[PDB]
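Source file query-v2.pdb; content: PDB, C-alpha atoms.
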```pdb
ATOM      1  CA  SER A   1     -13.466 -31.282  68.511
ATOM      2  CA  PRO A   2     -14.713 -34.819  69.107
ATOM      3  CA  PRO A   3     -15.273 -35.624  72.805
ATOM      4  CA  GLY A   4     -12.778 -37.130  75.212
ATOM      5  CA  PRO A   5     -13.400 -40.653  76.512
ATOM      6  CA  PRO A   6     -16.085 -41.265  79.172
ATOM      7  CA  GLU A   7     -14.857 -42.101  82.686
ATOM      8  CA  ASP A   8     -15.577 -44.487  85.568
ATOM      9  CA  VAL A   9     -17.469 -47.094  83.555
ATOM     10  CA  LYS A  10     -18.817 -49.626  86.069
ATOM     11  CA  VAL A  11     -21.314 -52.487  86.053
ATOM     12  CA  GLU A  12     -23.800 -51.906  88.881
ATOM     13  CA  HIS A  13     -25.540 -55.268  88.583
ATOM     14  CA  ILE A  14     -25.306 -58.133  86.092
ATOM     15  CA  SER A  15     -27.752 -60.936  85.355
ATOM     16  CA  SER A  16     -27.798 -63.640  82.669
ATOM     17  CA  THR A  17     -28.432 -61.755  79.431
ATOM     18  CA  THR A  18     -28.332 -58.125  80.533
ATOM     19  CA  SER A  19     -26.373 -55.688  82.693
ATOM     20  CA  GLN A  20     -26.715 -52.228  84.237
ATOM     21  CA  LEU A  21     -23.973 -49.730  83.345
ATOM     22  CA  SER A  22     -23.056 -46.289  84.675
ATOM     23  CA  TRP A  23     -20.483 -43.775  83.419
ATOM     24  CA  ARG A  24     -19.347 -40.161  83.743
ATOM     25  CA  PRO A  25     -18.978 -37.976  80.635
ATOM     26  CA  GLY A  26     -15.539 -36.903  79.420
ATOM     27  CA  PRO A  27     -14.507 -33.403  78.317
ATOM     28  CA  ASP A  28     -17.055 -31.843  75.969
ATOM     29  CA  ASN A  29     -14.346 -30.378  73.708
ATOM     30  CA  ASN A  30     -16.463 -27.242  73.123
ATOM     31  CA  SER A  31     -19.072 -29.224  71.134
ATOM     32  CA  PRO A  32     -22.017 -30.612  73.171
ATOM     33  CA  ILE A  33     -22.207 -34.410  73.116
ATOM     34  CA  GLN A  34     -25.610 -35.745  72.062
ATOM     35  CA  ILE A  35     -24.876 -39.466  71.766
ATOM     36  CA  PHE A  36     -23.348 -42.305  73.776
ATOM     37  CA  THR A  37     -22.512 -45.749  72.410
ATOM     38  CA  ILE A  38     -21.703 -48.839  74.430
ATOM     39  CA  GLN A  39     -19.515 -51.629  73.102
ATOM     40  CA  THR A  40     -18.557 -55.007  74.490
ATOM     41  CA  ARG A  41     -15.780 -57.602  74.306
ATOM     42  CA  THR A  42     -15.574 -61.280  75.320
ATOM     43  CA  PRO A  43     -12.738 -63.854  75.122
ATOM     44  CA  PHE A  44     -14.455 -65.356  72.073
ATOM     45  CA  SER A  45     -14.924 -61.914  70.555
ATOM     46  CA  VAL A  46     -13.023 -60.210  67.792
ATOM     47  CA  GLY A  47     -12.145 -56.771  69.145
ATOM     48  CA  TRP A  48     -15.188 -54.799  70.284
ATOM     49  CA  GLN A  49     -18.811 -55.283  69.259
ATOM     50  CA  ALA A  50     -21.655 -52.791  69.225
ATOM     51  CA  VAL A  51     -24.433 -53.793  71.611
ATOM     52  CA  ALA A  52     -28.106 -52.950  72.110
ATOM     53  CA  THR A  53     -29.228 -50.794  75.028
ATOM     54  CA  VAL A  54     -32.262 -49.839  77.093
ATOM     55  CA  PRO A  55     -32.941 -47.018  76.225
ATOM     56  CA  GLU A  56     -32.207 -48.016  72.612
ATOM     57  CA  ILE A  57     -30.624 -44.594  72.189
ATOM     58  CA  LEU A  58     -28.417 -42.893  74.772
ATOM     59  CA  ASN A  59     -28.438 -39.082  74.633
ATOM     60  CA  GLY A  60     -25.720 -36.703  75.805
ATOM     61  CA  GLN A  61     -27.349 -36.311  79.221
ATOM     62  CA  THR A  62     -27.721 -40.074  79.704
ATOM     63  CA  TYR A  63     -25.096 -41.514  82.026
ATOM     64  CA  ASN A  64     -26.917 -44.783  82.722
ATOM     65  CA  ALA A  65     -28.380 -47.663  80.716
ATOM     66  CA  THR A  66     -29.193 -51.367  80.644
ATOM     67  CA  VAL A  67     -27.376 -53.492  78.069
ATOM     68  CA  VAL A  68     -29.361 -56.294  76.413
ATOM     69  CA  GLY A  69     -28.540 -59.356  74.337
ATOM     70  CA  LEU A  70     -25.668 -60.764  76.395
ATOM     71  CA  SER A  71     -24.787 -64.456  76.357
ATOM     72  CA  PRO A  72     -25.219 -66.274  79.686
ATOM     73  CA  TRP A  73     -22.074 -67.441  81.546
ATOM     74  CA  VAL A  74     -19.769 -65.416  79.288
ATOM     75  CA  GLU A  75     -16.994 -63.098  80.529
ATOM     76  CA  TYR A  76     -17.857 -59.531  79.558
ATOM     77  CA  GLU A  77     -16.254 -56.104  79.678
ATOM     78  CA  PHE A  78     -17.872 -52.872  78.482
ATOM     79  CA  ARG A  79     -16.648 -49.525  77.209
ATOM     80  CA  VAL A  80     -18.467 -46.322  76.338
ATOM     81  CA  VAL A  81     -17.563 -44.089  73.414
ATOM     82  CA  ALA A  82     -18.819 -40.505  73.457
ATOM     83  CA  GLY A  83     -20.107 -38.807  70.311
ATOM     84  CA  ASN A  84     -20.397 -35.302  68.904
ATOM     85  CA  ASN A  85     -22.377 -33.739  66.064
ATOM     86  CA  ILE A  86     -18.933 -32.930  64.680
ATOM     87  CA  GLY A  87     -17.130 -36.223  65.254
ATOM     88  CA  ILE A  88     -16.923 -39.484  67.191
ATOM     89  CA  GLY A  89     -15.013 -39.394  70.464
ATOM     90  CA  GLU A  90     -12.423 -41.759  71.877
ATOM     91  CA  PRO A  91     -13.618 -44.941  73.636
ATOM     92  CA  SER A  92     -13.444 -45.209  77.430
ATOM     93  CA  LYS A  93     -11.408 -47.633  79.504
ATOM     94  CA  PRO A  94     -13.171 -51.004  79.824
ATOM     95  CA  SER A  95     -15.226 -51.945  82.863
ATOM     96  CA  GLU A  96     -13.881 -54.440  85.378
ATOM     97  CA  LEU A  97     -14.205 -57.765  83.562
ATOM     98  CA  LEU A  98     -17.186 -59.800  84.736
ATOM     99  CA  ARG A  99     -18.991 -63.014  83.867
ATOM    100  CA  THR A 100     -22.743 -63.008  83.256
ATOM    101  CA  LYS A 101     -24.830 -65.361  85.394
ATOM    102  CA  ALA A 102     -25.511 -68.866  84.067
ATOM    103  CA  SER A 103     -28.612 -70.036  82.193
ATOM    104  CA  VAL A 104     -29.795 -73.211  80.398
ATOM    105  CA  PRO A 105     -28.499 -73.638  76.857
ATOM    106  CA  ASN A 106     -30.639 -72.176  74.106
ATOM    107  CA  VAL A 107     -28.889 -73.559  71.019
ATOM    108  CA  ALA A 108     -29.193 -77.183  69.922
ATOM    109  CA  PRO A 109     -26.312 -78.692  67.915
ATOM    110  CA  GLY A 110     -26.387 -78.802  64.117
ATOM    111  CA  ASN A 111     -25.779 -81.402  61.419
ATOM    112  CA  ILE A 112     -27.458 -84.182  63.372
ATOM    113  CA  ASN A 113     -26.701 -87.439  61.628
ATOM    114  CA  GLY A 114     -25.314 -90.933  62.034
ATOM    115  CA  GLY A 115     -25.572 -94.454  60.712
ATOM    116  CA  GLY A 116     -23.050 -97.252  60.401
ATOM    117  CA  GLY A 117     -21.650 -99.295  63.241
ATOM    118  CA  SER A 118     -22.419-102.978  63.675
ATOM    119  CA  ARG A 119     -25.758-104.701  63.057
ATOM    120  CA  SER A 120     -26.690-104.134  66.710
ATOM    121  CA  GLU A 121     -25.646-100.487  66.916
ATOM    122  CA  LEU A 122     -27.237 -97.114  66.334
ATOM    123  CA  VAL A 123     -24.538 -94.504  65.816
ATOM    124  CA  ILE A 124     -25.535 -90.845  66.245
ATOM    125  CA  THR A 125     -23.350 -87.866  65.326
ATOM    126  CA  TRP A 126     -23.801 -84.101  65.686
ATOM    127  CA  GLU A 127     -21.727 -80.929  65.375
ATOM    128  CA  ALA A 128     -20.464 -79.727  68.767
ATOM    129  CA  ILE A 129     -21.776 -76.196  69.374
ATOM    130  CA  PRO A 130     -19.710 -73.024  69.924
ATOM    131  CA  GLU A 131     -18.072 -72.951  73.368
ATOM    132  CA  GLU A 132     -19.777 -69.679  74.370
ATOM    133  CA  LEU A 133     -23.282 -71.165  74.177
ATOM    134  CA  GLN A 134     -22.930 -73.642  77.047
ATOM    135  CA  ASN A 135     -24.264 -70.858  79.272
ATOM    136  CA  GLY A 136     -23.207 -72.665  82.461
ATOM    137  CA  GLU A 137     -21.060 -75.280  84.207
ATOM    138  CA  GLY A 138     -21.484 -79.042  83.786
ATOM    139  CA  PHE A 139     -22.550 -78.659  80.154
ATOM    140  CA  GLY A 140     -23.556 -81.583  77.934
ATOM    141  CA  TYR A 141     -25.747 -83.022  75.173
ATOM    142  CA  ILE A 142     -29.079 -84.844  75.351
ATOM    143  CA  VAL A 143     -29.266 -87.670  72.822
ATOM    144  CA  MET A 144     -32.849 -88.776  72.187
ATOM    145  CA  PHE A 145     -33.895 -91.727  70.022
ATOM    146  CA  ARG A 146     -36.723 -94.133  69.274
ATOM    147  CA  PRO A 147     -37.618 -96.721  66.638
ATOM    148  CA  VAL A 148     -39.878 -95.329  63.919
ATOM    149  CA  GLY A 149     -43.521 -95.711  64.924
ATOM    150  CA  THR A 150     -42.625 -95.753  68.614
ATOM    151  CA  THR A 151     -43.956 -92.881  70.722
ATOM    152  CA  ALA A 152     -41.757 -92.854  73.803
ATOM    153  CA  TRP A 153     -38.349 -91.240  73.474
ATOM    154  CA  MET A 154     -35.300 -92.915  74.917
ATOM    155  CA  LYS A 155     -32.601 -90.526  76.015
ATOM    156  CA  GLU A 156     -29.134 -90.413  77.480
ATOM    157  CA  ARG A 157     -26.927 -87.474  78.366
ATOM    158  CA  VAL A 158     -23.376 -86.935  77.115
ATOM    159  CA  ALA A 159     -21.106 -84.598  79.062
ATOM    160  CA  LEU A 160     -18.547 -82.123  77.677
ATOM    161  CA  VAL A 161     -19.186 -79.479  75.017
ATOM    162  CA  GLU A 162     -16.743 -81.021  72.550
ATOM    163  CA  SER A 163     -18.385 -84.456  72.435
ATOM    164  CA  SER A 164     -20.143 -85.252  69.182
ATOM    165  CA  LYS A 165     -20.903 -88.982  68.961
ATOM    166  CA  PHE A 166     -23.267 -91.353  70.780
ATOM    167  CA  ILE A 167     -23.587 -95.110  70.321
ATOM    168  CA  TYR A 168     -26.670 -97.067  71.318
ATOM    169  CA  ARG A 169     -26.205-100.839  71.583
ATOM    170  CA  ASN A 170     -28.993-103.423  71.542
ATOM    171  CA  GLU A 171     -28.772-106.954  70.137
ATOM    172  CA  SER A 172     -32.538-107.027  69.586
ATOM    173  CA  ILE A 173     -32.461-104.593  66.661
ATOM    174  CA  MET A 174     -32.142-105.597  63.023
ATOM    175  CA  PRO A 175     -29.747-104.171  60.390
ATOM    176  CA  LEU A 176     -30.592-100.749  58.936
ATOM    177  CA  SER A 177     -33.547-100.277  61.280
ATOM    178  CA  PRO A 178     -34.766 -96.669  61.056
ATOM    179  CA  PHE A 179     -34.816 -94.504  64.184
ATOM    180  CA  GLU A 180     -36.031 -90.994  64.927
ATOM    181  CA  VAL A 181     -33.314 -88.967  66.644
ATOM    182  CA  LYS A 182     -32.884 -85.420  67.889
ATOM    183  CA  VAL A 183     -30.187 -83.848  70.055
ATOM    184  CA  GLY A 184     -30.670 -81.195  72.715
ATOM    185  CA  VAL A 185     -28.527 -79.527  75.345
ATOM    186  CA  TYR A 186     -28.299 -79.167  79.120
ATOM    187  CA  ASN A 187     -26.121 -77.930  81.969
ATOM    188  CA  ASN A 188     -26.136 -77.375  85.744
ATOM    189  CA  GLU A 189     -29.064 -74.996  85.227
ATOM    190  CA  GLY A 190     -31.251 -77.705  83.675
ATOM    191  CA  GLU A 191     -32.420 -78.778  80.240
ATOM    192  CA  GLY A 192     -32.267 -76.425  77.299
ATOM    193  CA  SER A 193     -33.748 -76.668  73.820
ATOM    194  CA  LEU A 194     -33.730 -79.705  71.549
ATOM    195  CA  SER A 195     -33.043 -80.016  67.828
ATOM    196  CA  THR A 196     -35.481 -80.860  65.066
ATOM    197  CA  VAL A 197     -35.933 -84.558  64.284
ATOM    198  CA  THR A 198     -34.151 -86.470  61.532
ATOM    199  CA  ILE A 199     -33.986 -90.190  60.713
ATOM    200  CA  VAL A 200     -30.922 -92.363  61.353
ATOM    201  CA  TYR A 201     -30.444 -96.049  60.508
ATOM    202  CA  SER A 202     -28.976 -98.888  62.543
ATOM    203  CA  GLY A 203     -25.658-100.346  61.390
ATOM    204  CA  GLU A 204     -24.841-103.466  59.388
ATOM    205  CA  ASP A 205     -22.215-106.126  58.667
ATOM    206  CA  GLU A 206     -19.043-104.928  56.951
ATOM    207  CA  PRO A 207     -18.441-106.215  53.421
ATOM    208  CA  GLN A 208     -16.632-109.559  53.655
ATOM    209  CA  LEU A 209     -14.868-109.970  50.299
ATOM    210  CA  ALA A 210     -12.378-107.995  48.226
ATOM    211  CA  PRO A 211     -12.971-106.713  44.688
ATOM    212  CA  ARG A 212     -10.942-108.582  42.065
ATOM    213  CA  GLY A 213      -9.544-107.959  38.589
ATOM    214  CA  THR A 214      -7.835-104.755  39.728
ATOM    215  CA  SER A 215      -5.876-102.924  37.000
ATOM    216  CA  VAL A 216      -4.514 -99.430  36.272
ATOM    217  CA  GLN A 217      -3.796 -97.456  33.104
ATOM    218  CA  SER A 218      -2.434 -93.962  32.411
ATOM    219  CA  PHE A 219      -3.333 -91.590  29.558
ATOM    220  CA  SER A 220      -2.092 -88.319  31.062
ATOM    221  CA  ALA A 221       0.613 -87.008  33.390
ATOM    222  CA  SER A 222      -1.919 -85.762  35.938
ATOM    223  CA  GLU A 223      -3.986 -88.928  35.772
ATOM    224  CA  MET A 224      -4.315 -92.682  36.210
ATOM    225  CA  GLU A 225      -7.492 -94.767  35.797
ATOM    226  CA  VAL A 226      -8.132 -97.694  38.174
ATOM    227  CA  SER A 227     -10.479-100.579  37.240
ATOM    228  CA  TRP A 228     -11.875-103.689  38.965
ATOM    229  CA  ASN A 229     -14.720-106.245  38.956
ATOM    230  CA  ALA A 230     -18.023-105.561  40.696
ATOM    231  CA  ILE A 231     -18.675-107.763  43.705
ATOM    232  CA  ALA A 232     -21.520-110.227  43.276
ATOM    233  CA  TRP A 233     -24.041-110.111  46.089
ATOM    234  CA  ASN A 234     -24.965-113.064  48.249
ATOM    235  CA  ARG A 235     -26.752-112.281  51.506
ATOM    236  CA  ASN A 236     -23.940-113.767  53.621
ATOM    237  CA  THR A 237     -21.476-111.222  52.312
ATOM    238  CA  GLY A 238     -22.146-107.609  53.257
ATOM    239  CA  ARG A 239     -24.063-105.302  50.953
ATOM    240  CA  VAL A 240     -21.712-103.265  48.740
ATOM    241  CA  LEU A 241     -22.751 -99.614  48.417
ATOM    242  CA  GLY A 242     -19.637 -98.683  46.490
ATOM    243  CA  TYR A 243     -15.875 -98.961  46.306
ATOM    244  CA  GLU A 244     -12.998 -97.074  47.935
ATOM    245  CA  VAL A 245      -9.858 -96.623  45.822
ATOM    246  CA  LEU A 246      -6.617 -96.294  47.750
ATOM    247  CA  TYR A 247      -3.622 -94.946  45.879
ATOM    248  CA  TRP A 248      -0.119 -94.217  47.145
ATOM    249  CA  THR A 249       3.334 -93.337  45.819
ATOM    250  CA  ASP A 250       6.943 -93.118  47.045
ATOM    251  CA  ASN A 251       8.794 -90.555  44.918
ATOM    252  CA  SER A 252      11.691 -88.139  45.466
ATOM    253  CA  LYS A 253       9.451 -85.209  46.374
ATOM    254  CA  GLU A 254       7.233 -87.167  48.747
ATOM    255  CA  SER A 255       5.335 -90.247  49.810
ATOM    256  CA  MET A 256       1.554 -89.966  50.059
ATOM    257  CA  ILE A 257      -1.607 -92.025  50.357
ATOM    258  CA  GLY A 258      -4.978 -91.078  48.897
ATOM    259  CA  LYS A 259      -8.562 -92.272  49.287
ATOM    260  CA  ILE A 260     -11.330 -91.755  46.749
ATOM    261  CA  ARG A 261     -14.787 -93.328  46.738
ATOM    262  CA  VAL A 262     -17.217 -94.263  43.997
ATOM    263  CA  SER A 263     -20.875 -95.089  44.525
ATOM    264  CA  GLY A 264     -23.149 -97.854  43.315
ATOM    265  CA  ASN A 265     -21.871-100.111  40.565
ATOM    266  CA  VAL A 266     -19.101 -97.933  39.128
ATOM    267  CA  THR A 267     -16.036-100.107  38.581
ATOM    268  CA  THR A 268     -13.713 -97.478  37.111
ATOM    269  CA  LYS A 269     -12.128 -94.378  38.607
ATOM    270  CA  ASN A 270      -9.957 -91.788  36.902
ATOM    271  CA  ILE A 271      -7.721 -90.163  39.520
ATOM    272  CA  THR A 272      -6.724 -86.552  38.843
ATOM    273  CA  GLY A 273      -4.163 -84.042  40.093
ATOM    274  CA  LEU A 274      -1.332 -86.577  40.054
ATOM    275  CA  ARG A 275       2.393 -85.979  39.590
ATOM    276  CA  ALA A 276       3.955 -86.396  36.140
ATOM    277  CA  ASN A 277       6.218 -89.381  35.381
ATOM    278  CA  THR A 278       5.702 -91.028  38.794
ATOM    279  CA  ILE A 279       5.085 -94.563  40.065
ATOM    280  CA  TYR A 280       1.661 -94.997  41.692
ATOM    281  CA  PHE A 281       0.052 -98.020  43.359
ATOM    282  CA  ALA A 282      -3.664 -98.698  43.672
ATOM    283  CA  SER A 283      -5.884-101.040  45.673
ATOM    284  CA  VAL A 284      -9.641-101.289  46.024
ATOM    285  CA  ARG A 285     -12.101-102.261  48.735
ATOM    286  CA  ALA A 286     -15.871-102.365  49.076
ATOM    287  CA  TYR A 287     -17.688-100.174  51.595
ATOM    288  CA  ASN A 288     -21.129 -99.892  53.154
ATOM    289  CA  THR A 289     -22.534 -97.816  56.024
ATOM    290  CA  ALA A 290     -20.539 -99.900  58.515
ATOM    291  CA  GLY A 291     -17.126 -99.333  56.927
ATOM    292  CA  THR A 292     -14.845-101.062  54.439
ATOM    293  CA  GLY A 293     -14.035-104.700  53.809
ATOM    294  CA  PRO A 294     -10.663-106.205  52.767
ATOM    295  CA  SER A 295      -8.366-104.600  50.197
ATOM    296  CA  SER A 296      -7.643-106.122  46.809
ATOM    297  CA  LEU A 297      -4.196-107.027  45.535
ATOM    298  CA  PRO A 298      -2.270-103.886  44.602
ATOM    299  CA  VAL A 299      -1.329-102.917  41.058
ATOM    300  CA  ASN A 300       0.846-100.093  39.739
ATOM    301  CA  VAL A 301       1.568 -97.906  36.740
ATOM    302  CA  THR A 302       3.605 -94.886  35.775
ATOM    303  CA  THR A 303       2.375 -91.420  34.814
ATOM    304  CA  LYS A 304       2.982 -89.901  31.384
TER     305      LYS A 304
END
```

Show how you would write the structure in this file as structure tokens.
Amino acid sequence: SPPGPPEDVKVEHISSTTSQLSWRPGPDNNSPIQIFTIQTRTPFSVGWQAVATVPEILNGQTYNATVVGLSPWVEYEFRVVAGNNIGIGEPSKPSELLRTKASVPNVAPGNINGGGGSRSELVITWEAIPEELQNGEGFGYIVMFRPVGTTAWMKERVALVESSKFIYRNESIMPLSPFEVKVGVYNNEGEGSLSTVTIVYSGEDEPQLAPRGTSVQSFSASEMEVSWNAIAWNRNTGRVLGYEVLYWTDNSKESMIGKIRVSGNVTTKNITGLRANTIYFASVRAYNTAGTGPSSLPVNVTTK
């Protein structure tokens, strides 16, 4: 028969990314055990995970091993499942829950980006890392930036693992000035790794005027097509990168608002997935990296 569960699983010592385990074997069930497997479970874990050991294979006479590949400052518990050459035994009762010792963070955030804000702002955004990779207390992000062609990095720390936006303010800078930026990590244990570099631009002035000549037309029941005039550019109005089309309705089934953007010089947008035989309003506004300008005068139509 497959073996009974191992007994008295205890962590002798635990460090940052490893631990020392000891266990007693369970009943042999007439078939000599030749294999032991260790598994692990954390709060952020789904059930139990297999885990690597030193030795990389545990034989039936092995009642001790070091577990490798643990995440620093994470709460761990371990169980041991015995194994036969006839079946796979039942898993043991978990060790007394314990937290691994802290270490500096090893994983820089992803999707580093930014742009927008005012003419005297550099706005930097990243994706806040998984909570289990803080690896210690007092965790935060290291935002590093510099003008292109400058050598010295400027940097400023941002506490809390959930934070994901930094704004640098400096009246000296000009609109859409390029910057080199990268974001790293830190905690009470010191500074961890940084991200690769990408380029982010300073902000600019919002568009000042509203698009005119707004009209709507409907050919289908799922669709209405909004139109308007392109905004002429004079340097004292903002630059117009494109147009945002707002559309709302107030029917029996619901009331909703929708946003859809077009890029460049496109002055027509067919909106899809609409409700049949329904009153819809539209309204258009120009956008650039800094946000939107004023809305146009609304128009309306009715679906087929």

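Distances to residue 203 (chain A) were evaluated for A:157, A:253, A:119, A:269 using only C-alpha atoms, and the minimum falls at A:119.
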
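Residues within 8 Å of residue 228 (chain A), counting only C-alpha atoms and excluding same-chain residues fewer than 5 positions away, are residues 211, 212, 213, 214, 215, 267, 268 and 284 of chain A.
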
Quiz item: When the PyMOL selection byres ((chain A and resi 1) around 7) is applied to the file above, which residues end up in the set, as a PyMOL selection string?
Solution: chain A and resi 2-3+29-31+86-87

Self-check item: Of the listed residues A:21, A:175, A:164, A:266, that which approaches residue 229 (chain A) most closely, counting all atoms listed in the file
Solution: A:266

Self-check item: Residues matched by the PyMOL selection byres ((chain A and resi 162) around 12), written as a ChimeraX atom specification
Solution: /A:109,125-134,139-141,158-161,163-165

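Take the PyMOL selection byres ((chain A and resi 48) around 10) and apply it to this file: it picks residues 38, 39, 40, 41, 42, 45, 46, 47, 49, 50, 51, 77, 78 and 79 of chain A.
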
Exercise. For CA of residue 234 (chain A) and CA of residue 171 (chain A), determine how far apart the two atoms are, in Å to one decimal place.
Key: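 Between these atoms lies a distance of 23.0 Å.
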
Quiz item: Can you tell me how far CA of residue 209 (chain A) sits from CA of residue 303 (chain A), in Å to one decimal?
Solution: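 Going from CA of residue 209 (chain A) over to CA of residue 303 (chain A) covers 29.7 Å.
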
Quiz prompt | Gap from CA of residue 272 (chain A) to CA of residue 222 (chain A) - Å, one decimal | solution =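 Atom-to-atom, CA of residue 272 (chain A) and CA of residue 222 (chain A) are spaced 5.7 Å apart.
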
Quiz prompt | Pick from A:12, A:206, A:191, A:121, whichever lies nearest to residue 166 (chain A) using all atoms listed in the file | solution =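 Looking only at the distances to residue 166 (chain A), the closest residue turns out to be A:121.
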
Quiz item: Of the candidates A:92, A:208, A:193, A:249, which one gets nearest to residue 290 (chain A) if we count all atoms listed in the file?
Solution: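 Selected residue with least distance to residue 290 (chain A): A:208.
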
For region 163-185 of chain A, supply N, CA and C atoms and format the output as an mmCIF file, in the frame of the given file.
```cif
data_model
loop_
_atom_site.group_PDB
_atom_site.id
_atom_site.type_symbol
_atom_site.label_atom_id
_atom_site.label_comp_id
_atom_site.auth_asym_id
_atom_site.auth_seq_id
_atom_site.Cartn_x
_atom_site.Cartn_y
_atom_site.Cartn_z
ATOM 1 N N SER A 163 -17.932 -83.128 72.835
ATOM 2 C CA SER A 163 -18.385 -84.456 72.435
ATOM 3 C C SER A 163 -19.405 -84.347 71.307
ATOM 4 N N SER A 164 -19.449 -85.368 70.457
ATOM 5 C CA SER A 164 -20.143 -85.252 69.182
ATOM 6 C C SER A 164 -20.592 -86.595 68.604
ATOM 7 N N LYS A 165 -20.530 -87.647 69.416
ATOM 8 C CA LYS A 165 -20.903 -88.982 68.961
ATOM 9 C C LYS A 165 -21.479 -89.826 70.094
ATOM 10 N N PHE A 166 -22.628 -90.446 69.831
ATOM 11 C CA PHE A 166 -23.267 -91.353 70.780
ATOM 12 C C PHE A 166 -23.525 -92.692 70.108
ATOM 13 N N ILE A 167 -23.271 -93.780 70.830
ATOM 14 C CA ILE A 167 -23.587 -95.110 70.321
ATOM 15 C C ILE A 167 -24.547 -95.842 71.245
ATOM 16 N N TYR A 168 -25.656 -96.267 70.652
ATOM 17 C CA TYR A 168 -26.670 -97.067 71.318
ATOM 18 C C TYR A 168 -26.493 -98.517 70.888
ATOM 19 N N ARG A 169 -26.449 -99.425 71.858
ATOM 20 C CA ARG A 169 -26.205 -100.839 71.583
ATOM 21 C C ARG A 169 -27.368 -101.689 72.087
ATOM 22 N N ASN A 170 -27.820 -102.609 71.244
ATOM 23 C CA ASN A 170 -28.993 -103.423 71.542
ATOM 24 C C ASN A 170 -29.093 -104.561 70.533
ATOM 25 N N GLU A 171 -28.793 -105.772 70.993
ATOM 26 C CA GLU A 171 -28.772 -106.954 70.137
ATOM 27 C C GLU A 171 -30.122 -107.253 69.492
ATOM 28 N N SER A 172 -31.197 -106.738 70.079
ATOM 29 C CA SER A 172 -32.538 -107.027 69.586
ATOM 30 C C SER A 172 -32.789 -106.443 68.196
ATOM 31 N N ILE A 173 -32.123 -105.336 67.870
ATOM 32 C CA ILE A 173 -32.461 -104.593 66.661
ATOM 33 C C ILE A 173 -31.895 -105.277 65.428
ATOM 34 N N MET A 174 -32.534 -105.013 64.295
ATOM 35 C CA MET A 174 -32.142 -105.597 63.023
ATOM 36 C C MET A 174 -31.313 -104.592 62.218
ATOM 37 N N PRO A 175 -30.555 -105.072 61.221
ATOM 38 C CA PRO A 175 -29.747 -104.171 60.390
ATOM 39 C C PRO A 175 -30.550 -103.077 59.685
ATOM 40 N N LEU A 176 -29.996 -101.866 59.656
ATOM 41 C CA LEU A 176 -30.592 -100.749 58.936
ATOM 42 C C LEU A 176 -32.033 -100.490 59.380
ATOM 43 N N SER A 177 -32.295 -100.700 60.667
ATOM 44 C CA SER A 177 -33.547 -100.277 61.280
ATOM 45 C C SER A 177 -33.588 -98.753 61.387
ATOM 46 N N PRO A 178 -34.678 -98.125 60.911
ATOM 47 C CA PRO A 178 -34.766 -96.669 61.056
ATOM 48 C C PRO A 178 -35.115 -96.249 62.478
ATOM 49 N N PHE A 179 -34.612 -95.082 62.862
ATOM 50 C CA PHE A 179 -34.816 -94.504 64.184
ATOM 51 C C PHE A 179 -35.080 -93.020 63.998
ATOM 52 N N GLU A 180 -35.907 -92.444 64.859
ATOM 53 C CA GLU A 180 -36.031 -90.994 64.927
ATOM 54 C C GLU A 180 -35.083 -90.504 66.004
ATOM 55 N N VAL A 181 -34.254 -89.517 65.676
ATOM 56 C CA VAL A 181 -33.314 -88.967 66.644
ATOM 57 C C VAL A 181 -33.310 -87.447 66.604
ATOM 58 N N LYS A 182 -33.102 -86.852 67.770
ATOM 59 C CA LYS A 182 -32.884 -85.420 67.889
ATOM 60 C C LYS A 182 -31.944 -85.199 69.060
ATOM 61 N N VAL A 183 -31.161 -84.127 69.005
ATOM 62 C CA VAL A 183 -30.187 -83.848 70.055
ATOM 63 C C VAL A 183 -30.409 -82.470 70.660
ATOM 64 N N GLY A 184 -30.522 -82.437 71.984
ATOM 65 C CA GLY A 184 -30.670 -81.195 72.715
ATOM 66 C C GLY A 184 -29.470 -80.934 73.593
ATOM 67 N N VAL A 185 -29.622 -79.977 74.501
ATOM 68 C CA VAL A 185 -28.527 -79.527 75.345
ATOM 69 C C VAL A 185 -28.988 -79.361 76.787
#
```
